[PDB]
Amino acid sequence: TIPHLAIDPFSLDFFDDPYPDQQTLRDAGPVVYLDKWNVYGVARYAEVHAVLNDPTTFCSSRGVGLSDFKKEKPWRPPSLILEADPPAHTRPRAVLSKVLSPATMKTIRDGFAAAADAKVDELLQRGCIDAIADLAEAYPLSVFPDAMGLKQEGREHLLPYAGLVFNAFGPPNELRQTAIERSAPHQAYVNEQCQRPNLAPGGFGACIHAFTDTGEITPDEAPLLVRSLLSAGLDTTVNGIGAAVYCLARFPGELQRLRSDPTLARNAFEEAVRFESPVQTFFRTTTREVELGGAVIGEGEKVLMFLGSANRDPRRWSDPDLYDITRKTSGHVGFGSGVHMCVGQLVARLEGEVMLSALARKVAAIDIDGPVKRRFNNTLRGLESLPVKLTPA
Ligand code: HEM
Ligand SMILES: CCOc1ccc(C(=O)O)cc1
Ligand SMILES: [Cl-]
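Cut-offs and rules
- Residues numbered from 1 in each chain as written, not as in the entry; some residues may be left out.
- Chains lettered and ligands numbered in written order.
- Heavy atoms only, no water.
- Near = heavy atom within 4 Å.
- Polar contact = N/O pair within 3.5 Å; in protein donor to acceptor, adjacent residues only side chain to side chain.
- Areas by Shrake-Rupley, 256 points an atom, 1.4 Å probe, with all protein chains shown as cover.
- Donors = N, O, S within 2.8 Å, 3.2 Å for Na, K, Ca; no water.
- Helix = DSSP H or I, 4+ residues; strand = E, 2+ residues; numbered from the N terminus.
- Buried < 20%, exposed > 50% of the residue type's maximum accessible area, 1.4 Å probe, protein only.
- Pairing = 2+ DSSP bridges.
- Axes fitted to C-alpha atoms, helices over the stretch in contact; angles between N-to-C directions.
- Parallel < 35°, antiparallel > 145°, perpendicular 65-115°, else oblique.
- Contact = heavy atoms within 4.5 Å.
- Nonpolar A, V, L, I, M, F, W, Y, C, P; charged D, E, K, R; others polar.
- UniProt positions renumbered as here; feature names shortened; annotations may be inferred.
- Arc of directions from axis to C-beta.

Its PDB record attributes the structure to X-ray crystallography, giving the resolution as 1.9350 Å.

If you want it as structure tokens, here you go:
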């Protein structure tokens, strides 16, 4: 009943151009079996959405990578939020939700915006820049570690640590095994900075620790929650902003619409998240026999959700392959959906918004003027290098 496919969604060939293979995965059926890794796959919007929204049947506590925590040792202590199910999940989630709240956004907004304006000003002085190193990396590096309350020393460990985390959700290919074999210094650094004494007052980190006396989390839980933010909070935004600039570079008509109305910045970023889906994939594990899209899946099976594919499913989206900054994006699954839906999305959107606003007001054109190089990662989609010429407005 379930078609079997030999496509490796974690191969460099796939990362290099995933879209044909994603259509093959969607059109093969609502549920496929991926023989390469012995997992089920869902690539259409409807099934991806259904799976995300049934956490009881499709759990996270057995890991959201290929590895089944019931069978293998997790490479690091499990995340108390990403790799937990309700009810264990519920209070740590509530804490990070309050730490990364509307009120918090109000306190950091002017600073994040000034930094974005300053960066664009600097880049315009240079003219010819690398929009990855000099913008998509440099801008989040200039605001997020400080917002966390990290010391200056050791920050060069943060992106390596993130690349390791997102590679480790993958199968045991070379990407994953190389990451893990280089991991020790990055782990050591990150774990140390998660301790209360090492986090500056007023940062996200200290704020997590301040929540330890409410009964929601205990003091021994706070370091792992800080670890979640240091895992997820940077490299995601790097690839989101990189995606947005790439889109604007490839669709000059949309840059021009954004210039004429900079208040489109926020949606222009959201559309970039749907269109590129910097977070491509996550797994769930079935806790029982389940029927999905008229197909039956046994208990304890890994299920691979293609978020990027769901965000380009023509069953859900009109002209999915077009970057449209006035699209109604609501419902896209680039931040996930349901109880695990990105708890940091207000930070991601804030960063993305103020950067695209700065570009909207200051830049007249973005032209690719060098070879584009992709960055390969088992979970993240994005570029290594994006050489562009920026023309001032
Ligand atoms: C454009 C940037 C980002 C994208 C595309 C993104 C994507 C996602 C996705 C798809 C999930 C769902 C995982 C699942 O269902 O298993 C998620 C969860 C999560 N994200 Fe984000 N993320 C981004 C930025 C951030 C930022 C900036 C932070 C923190 C400051 C963050 C922290 C987290 C955490 C802690 C979770 C786990 C939430 C839970 O399990 O309840 N992310 N993110
Ligand atoms: C795209 C979401 O990525 C992550 C990665 C790690 C964690 C965590 O360590 O809790 C959460 C989300
Ligand atoms: Cl670690």
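### As for the site of ligand 2
The environment of ligand 2 is made up of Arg76, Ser79, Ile81, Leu82, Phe166, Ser228, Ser231, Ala232, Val279 and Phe282. Within the side chain of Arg76, one N or O atom sits 3.0 Å away from an oxygen atom of ligand 2. Residue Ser79 places a side-chain N or O atom 2.6 Å away from an oxygen atom belonging to ligand 2. Against a free-state accessible area of 330 Å², the protein chains account for coverage of 87% of ligand 2.

### Quick notes on the coordination of the iron atom of ligand 1
Looking at the iron atom of ligand 1, one finds just one donor atom contributed by the protein, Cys342 (SG), at 2.4 Å. With respect to the helices and strands, the residue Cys342 is situated in the loop between α15 (307–310) and α16 (345–362).

### Notes on the pairing of strand β9 (residues 302–306)
When you tally the buried positions in β9, you get five out of five residues, the bulk of the element. Here β9 shows two buried faces, one formed by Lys302, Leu304 and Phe306 and the other by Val303 and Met305. With three bridges joining them, strand β3 (residues 39–42) and β9 adopt parallel strand pairing. Residue pairing for β9: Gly41 is matched across the bridge by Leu304.

### Here's the deal with the packing of helix α12 (residues 235–250) against helix α14 (residues 265–276)
The interhelical angle for the contact between α12 and α14, taken along N-to-C directions, is 95°, at an axis separation of 9 Å. Relative to α14, α12 is oriented roughly perpendicular. Residue-level inspection shows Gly240, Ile241, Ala243, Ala244, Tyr246, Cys247 and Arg250 of α12 in contact with α14, the latter providing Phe269, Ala272, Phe275 and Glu276. The residue makeup of the contact of α12 with α14, split by class, is eight nonpolar, one polar and two charged.

### A short note on the site of ligand 1
Near ligand 1 lie 26 residues; those nearest to it are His89, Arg93, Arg284, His340 and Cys342. Here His89 contributes a side-chain N or O atom positioned 2.8 Å from an oxygen atom of ligand 1. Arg93 is positioned such that a nitrogen or oxygen atom in its side chain is 2.7 Å from an oxygen atom of ligand 1. Within the residue set of the shell around ligand 1, elements represented by two or more residues are α4 (90–99), α11 (222–232), α12 and β6 (281–286).

### Describing the environment of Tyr189
Looking at the secondary structure, you find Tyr189 in helix α9 (residues 184–193). Classification of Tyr189 as buried rests on a relative accessible area of 8%. Remark: the alpha-carbon pair of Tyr189 and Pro92, spanning 97 residues in sequence, is separated by 23 Å. With residues up to four places along the chain from it excluded, the contact list for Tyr189 reads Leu150, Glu153, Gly154, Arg155, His157 and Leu158.

### Notes on the UniProt feature "binding site: heme b" (unreviewed entry) in the chain
The positions that UniProt labels "binding site: heme b" (unreviewed entry) are, in the present scheme, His89, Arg93, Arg284, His340 and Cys342. Looking at the element boundaries, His89 is found in the loop between β4 (58–59) and α4. Ignoring anything within four residues of it in the chain, the contact list for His89 reads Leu80, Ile81, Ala84, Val339 and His340. Within the secondary structure layout, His340 lies in the loop between α15 and α16. Judged by relative accessible area, which is 17%, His340 ranks as buried. Contacts of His340, omitting those with residues within four sequence positions, involve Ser60, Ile81, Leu82, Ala84, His89, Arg93 and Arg284.

### Regarding helix α2 (residues 19–28)
Each full turn of the α-helix corresponds to 3.6 residues, which orients residues three or four apart in the same direction. Of all the residues in α2, the buried ones are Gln22, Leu25 and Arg26. Seen from one end, α2 has its buried residues packed into an arc of 95°, which puts them on one side. Contacts from the buried residues of α2 go to β1 (4–5), α1 (12–16), β2 (32–34), β9 and α15. Two residues or fewer after α2 comes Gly29, characterised by a positive phi angle close to 155°.

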